[PDB]
file input.pdb (PDB, C-alpha atoms)
ATOM      1  CA  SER F   1      99.200 103.043 117.143  1.00  0.00           C
ATOM      2  CA  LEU F   2      96.306 101.055 115.718  1.00  0.00           C
ATOM      3  CA  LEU F   3      93.917 104.007 116.069  1.00  0.00           C
ATOM      4  CA  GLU F   4      96.377 106.302 114.255  1.00  0.00           C
ATOM      5  CA  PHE F   5      96.772 103.708 111.502  1.00  0.00           C
ATOM      6  CA  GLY F   6      92.978 103.584 111.192  1.00  0.00           C
ATOM      7  CA  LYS F   7      92.769 107.361 110.788  1.00  0.00           C
ATOM      8  CA  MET F   8      95.551 107.225 108.191  1.00  0.00           C
ATOM      9  CA  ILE F   9      93.623 104.518 106.305  1.00  0.00           C
ATOM     10  CA  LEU F  10      90.418 106.579 106.338  1.00  0.00           C
ATOM     11  CA  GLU F  11      92.292 109.699 105.159  1.00  0.00           C
ATOM     12  CA  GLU F  12      93.907 107.808 102.369  1.00  0.00           C
ATOM     13  CA  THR F  13      91.029 105.641 101.117  1.00  0.00           C
ATOM     14  CA  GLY F  14      87.730 107.078 102.352  1.00  0.00           C
ATOM     15  CA  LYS F  15      86.998 103.566 103.943  1.00  0.00           C
ATOM     16  CA  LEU F  16      86.696 103.063 107.688  1.00  0.00           C
ATOM     17  CA  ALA F  17      89.476 100.728 108.875  1.00  0.00           C
ATOM     18  CA  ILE F  18      86.801  98.885 110.878  1.00  0.00           C
ATOM     19  CA  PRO F  19      85.038  97.238 109.043  1.00  0.00           C
ATOM     20  CA  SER F  20      86.755  97.615 105.634  1.00  0.00           C
ATOM     21  CA  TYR F  21      90.261  96.436 106.595  1.00  0.00           C
ATOM     22  CA  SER F  22      89.923  94.834 110.067  1.00  0.00           C
ATOM     23  CA  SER F  23      88.817  91.376 108.880  1.00  0.00           C
ATOM     24  CA  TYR F  24      89.723  91.333 105.184  1.00  0.00           C
ATOM     25  CA  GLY F  25      91.191  88.255 103.549  1.00  0.00           C
ATOM     26  CA  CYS F  26      93.860  86.234 105.276  1.00  0.00           C
ATOM     27  CA  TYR F  27      96.172  88.989 106.554  1.00  0.00           C
ATOM     28  CA  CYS F  28      94.183  92.179 107.283  1.00  0.00           C
ATOM     29  CA  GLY F  29      93.425  92.604 110.944  1.00  0.00           C
ATOM     30  CA  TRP F  30      94.286  89.097 112.160  1.00  0.00           C
ATOM     31  CA  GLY F  31      97.031  87.874 109.822  1.00  0.00           C
ATOM     32  CA  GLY F  32      99.040  84.673 110.083  1.00  0.00           C
ATOM     33  CA  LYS F  33      98.579  82.038 107.353  1.00  0.00           C
ATOM     34  CA  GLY F  34      97.350  81.467 103.809  1.00  0.00           C
ATOM     35  CA  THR F  35      97.954  82.798 100.355  1.00  0.00           C
ATOM     36  CA  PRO F  36      96.817  86.447 100.347  1.00  0.00           C
ATOM     37  CA  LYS F  37      93.537  86.712  98.463  1.00  0.00           C
ATOM     38  CA  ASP F  38      94.298  89.793  96.360  1.00  0.00           C
ATOM     39  CA  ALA F  39      96.462  92.893  96.205  1.00  0.00           C
ATOM     40  CA  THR F  40      94.765  94.543  99.204  1.00  0.00           C
ATOM     41  CA  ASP F  41      95.398  91.417 101.274  1.00  0.00           C
ATOM     42  CA  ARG F  42      99.038  91.499 100.091  1.00  0.00           C
ATOM     43  CA  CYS F  43      99.262  95.038 101.518  1.00  0.00           C
ATOM     44  CA  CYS F  44      98.316  93.490 104.850  1.00  0.00           C
ATOM     45  CA  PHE F  45     100.737  90.601 104.440  1.00  0.00           C
ATOM     46  CA  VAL F  46     103.604  93.035 103.869  1.00  0.00           C
ATOM     47  CA  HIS F  47     102.410  95.270 106.729  1.00  0.00           C
ATOM     48  CA  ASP F  48     102.417  92.241 109.040  1.00  0.00           C
ATOM     49  CA  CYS F  49     105.980  91.445 107.897  1.00  0.00           C
ATOM     50  CA  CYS F  50     106.932  95.077 108.441  1.00  0.00           C
ATOM     51  CA  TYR F  51     105.725  94.950 112.054  1.00  0.00           C
ATOM     52  CA  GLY F  52     107.447  91.562 112.334  1.00  0.00           C
ATOM     53  CA  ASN F  53     110.724  93.392 111.489  1.00  0.00           C
ATOM     54  CA  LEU F  54     110.231  95.236 114.878  1.00  0.00           C
ATOM     55  CA  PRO F  55     109.992  92.563 117.616  1.00  0.00           C
ATOM     56  CA  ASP F  56     111.016  95.062 120.359  1.00  0.00           C
ATOM     57  CA  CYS F  57     108.458  97.699 119.281  1.00  0.00           C
ATOM     58  CA  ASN F  58     104.746  97.892 120.158  1.00  0.00           C
ATOM     59  CA  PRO F  59     102.892  99.047 117.043  1.00  0.00           C
ATOM     60  CA  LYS F  60      99.375  98.595 118.467  1.00  0.00           C
ATOM     61  CA  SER F  61      99.847 101.202 121.182  1.00  0.00           C
ATOM     62  CA  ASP F  62     102.941 103.315 120.479  1.00  0.00           C
ATOM     63  CA  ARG F  63     101.961 106.662 118.928  1.00  0.00           C
ATOM     64  CA  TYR F  64     103.917 108.431 116.188  1.00  0.00           C
ATOM     65  CA  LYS F  65     103.500 111.863 114.593  1.00  0.00           C
ATOM     66  CA  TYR F  66     103.156 112.547 110.898  1.00  0.00           C
ATOM     67  CA  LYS F  67     102.149 115.398 108.650  1.00  0.00           C
ATOM     68  CA  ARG F  68     100.949 115.913 105.096  1.00  0.00           C
ATOM     69  CA  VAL F  69     103.012 117.766 102.524  1.00  0.00           C
ATOM     70  CA  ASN F  70     100.524 118.245  99.648  1.00  0.00           C
ATOM     71  CA  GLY F  71      98.946 114.781  99.989  1.00  0.00           C
ATOM     72  CA  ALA F  72     102.234 113.079 100.888  1.00  0.00           C
ATOM     73  CA  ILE F  73     102.630 111.416 104.292  1.00  0.00           C
ATOM     74  CA  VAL F  74     105.796 112.540 106.096  1.00  0.00           C
ATOM     75  CA  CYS F  75     106.672 110.656 109.276  1.00  0.00           C
ATOM     76  CA  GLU F  76     108.089 113.076 111.874  1.00  0.00           C
ATOM     77  CA  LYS F  77     110.961 112.142 114.159  1.00  0.00           C
ATOM     78  CA  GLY F  78     110.084 110.294 117.401  1.00  0.00           C
ATOM     79  CA  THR F  79     111.744 107.299 118.969  1.00  0.00           C
ATOM     80  CA  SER F  80     113.356 104.718 116.666  1.00  0.00           C
ATOM     81  CA  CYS F  81     110.367 102.408 117.137  1.00  0.00           C
ATOM     82  CA  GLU F  82     107.909 105.199 116.364  1.00  0.00           C
ATOM     83  CA  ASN F  83     109.730 106.134 113.157  1.00  0.00           C
ATOM     84  CA  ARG F  84     109.805 102.544 111.931  1.00  0.00           C
ATOM     85  CA  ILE F  85     106.178 101.875 112.855  1.00  0.00           C
ATOM     86  CA  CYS F  86     105.139 105.045 111.021  1.00  0.00           C
ATOM     87  CA  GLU F  87     106.979 103.925 107.875  1.00  0.00           C
ATOM     88  CA  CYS F  88     105.205 100.560 107.988  1.00  0.00           C
ATOM     89  CA  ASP F  89     101.791 102.211 108.368  1.00  0.00           C
ATOM     90  CA  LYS F  90     102.481 104.821 105.666  1.00  0.00           C
ATOM     91  CA  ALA F  91     103.407 102.079 103.207  1.00  0.00           C
ATOM     92  CA  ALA F  92     100.262 100.087 103.982  1.00  0.00           C
ATOM     93  CA  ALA F  93      97.999 103.125 103.622  1.00  0.00           C
ATOM     94  CA  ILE F  94      99.574 103.951 100.236  1.00  0.00           C
ATOM     95  CA  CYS F  95      99.263 100.299  99.232  1.00  0.00           C
ATOM     96  CA  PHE F  96      95.559 100.278 100.135  1.00  0.00           C
ATOM     97  CA  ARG F  97      95.066 103.429  98.026  1.00  0.00           C
ATOM     98  CA  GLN F  98      96.938 101.868  95.099  1.00  0.00           C
ATOM     99  CA  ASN F  99      94.713  98.786  95.236  1.00  0.00           C
ATOM    100  CA  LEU F 100      91.255 100.257  95.822  1.00  0.00           C
ATOM    101  CA  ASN F 101      90.542  99.411  92.181  1.00  0.00           C
ATOM    102  CA  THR F 102      90.436  95.699  93.094  1.00  0.00           C
ATOM    103  CA  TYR F 103      89.116  95.830  96.697  1.00  0.00           C
ATOM    104  CA  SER F 104      86.308  93.232  96.969  1.00  0.00           C
ATOM    105  CA  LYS F 105      83.677  93.181  99.733  1.00  0.00           C
ATOM    106  CA  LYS F 106      83.485  89.373  99.424  1.00  0.00           C
ATOM    107  CA  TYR F 107      86.774  89.213 101.386  1.00  0.00           C
ATOM    108  CA  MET F 108      85.330  91.045 104.436  1.00  0.00           C
ATOM    109  CA  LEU F 109      84.904  88.659 107.401  1.00  0.00           C
ATOM    110  CA  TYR F 110      86.897  86.050 105.441  1.00  0.00           C
ATOM    111  CA  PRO F 111      86.770  82.693 107.269  1.00  0.00           C
ATOM    112  CA  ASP F 112      89.969  81.404 108.838  1.00  0.00           C
ATOM    113  CA  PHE F 113      89.730  77.836 107.364  1.00  0.00           C
ATOM    114  CA  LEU F 114      90.271  79.217 103.844  1.00  0.00           C
ATOM    115  CA  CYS F 115      93.674  80.584 104.930  1.00  0.00           C
ATOM    116  CA  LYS F 116      96.200  77.741 105.174  1.00  0.00           C
ATOM    117  CA  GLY F 117      99.977  77.398 104.881  1.00  0.00           C
ATOM    118  CA  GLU F 118     102.945  79.559 105.835  1.00  0.00           C
ATOM    119  CA  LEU F 119     104.208  82.199 103.426  1.00  0.00           C
ATOM    120  CA  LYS F 120     107.621  83.555 104.253  1.00  0.00           C
ATOM    121  CA  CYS F 121     108.225  87.367 104.558  1.00  0.00           C
TER     122      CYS F 121
ATOM    123  CA  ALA B   1      87.519  99.534 118.576  1.00  0.00           C
ATOM    124  CA  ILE B   2      90.520  97.566 117.302  1.00  0.00           C
ATOM    125  CA  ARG B   3      91.131  98.071 113.599  1.00  0.00           C
ATOM    126  CA  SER B   4      93.593  98.264 110.801  1.00  0.00           C
TER     127      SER B   4
END
call {"tool": "encode", "arguments": {"input": "input.pdb", "output": "C-alpha cells"}}
result
Amino acid sequence: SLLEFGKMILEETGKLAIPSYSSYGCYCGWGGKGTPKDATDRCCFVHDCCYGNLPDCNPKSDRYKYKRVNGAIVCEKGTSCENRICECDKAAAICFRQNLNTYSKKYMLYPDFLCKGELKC
Amino acid sequence: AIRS
C-alpha cells in the first residue's frame, strides 16, 4: 500500500515520503510524462513502470508484509499481487537510498509543464 | 496523506 511504501521510504532514507518524494520531478508521486530529471526521478519512473506491469493489482491500497534481515528488505509471501507490489516498492526504496547523493530539493513540487513527451518503459 |  502507499502508506507502507512511505514507511519503507522513511526507513530507508530518513526522508518523509510526503513531502520529499510525493511531488518530485516528473515521475514521483504523480508520474506520466517527461524526461526524468535525475536519478531519483528515474527511480520513480521505473517504479511507475513496475506498477504498470500489474494492471490487475491495486498497489495503492493492497497491503503486503516484509521483514528486515540485517538491513535487507525481505518480502514475505502473500497473494501474487502483494508479492509483486512488494518487490516494486523494495526496488524503489533501495533506488532512493542509492541516489540520495544527488537528491535535489529544487525538484520538489516540480511543475507539470516542464514534463513533456512519452518515455517508454 | 497520499505519498510515495
call {"tool": "interface_residues", "arguments": {"input": "input.pdb", "of": "chain F", "to": "chain B", "cutoff": "10 Å", "atoms": "only C-alpha atoms", "output": "PyMOL selection string"}}
result
chain F and resi 1-10+16-24+28-30+44+60+89+92-93
call {"tool": "resolve_selection", "arguments": {"input": "input.pdb", "expression": "the PyMOL selection byres ((chain F and resi 111) around 12)", "output": "list in words"}}
result
residues 23, 24, 25, 26, 27, 30, 31, 33, 34, 37, 106, 107, 108, 109, 110, 112, 113, 114, 115 and 116 of chain F
call {"tool": "resolve_selection", "arguments": {"input": "input.pdb", "expression": "the PyMOL selection byres ((chain F and resi 59) around 9)", "output": "NGL selection string"}}
result
:F and (1-2 or 51 or 54 or 57-58 or 60-63 or 81-82 or 85-86)
call {"tool": "closest_residue", "arguments": {"input": "input.pdb", "among": "F:53, F:40, F:83, F:70", "to": "residue F:103", "atoms": "all atoms listed in the file"}}
result
F:40
call {"tool": "atom_distance", "arguments": {"input": "input.pdb", "atom1": "atom CA of residue F:46", "atom2": "atom CA of residue F:15"}}
result
19.7 Å
call {"tool": "atom_distance", "arguments": {"input": "input.pdb", "atom1": "atom CA of residue F:32", "atom2": "atom CA of residue F:95"}}
result
19.0 Å
call {"tool": "atom_distance", "arguments": {"input": "input.pdb", "atom1": "atom CA of residue F:13", "atom2": "atom CA of residue F:118"}}
result
29.1 Å
call {"tool": "resolve_selection", "arguments": {"input": "input.pdb", "expression": "the PyMOL selection byres ((chain F and resi 120) around 10)", "output": "PyMOL selection string"}}
result
chain F and resi 33+45+49+117-119+121
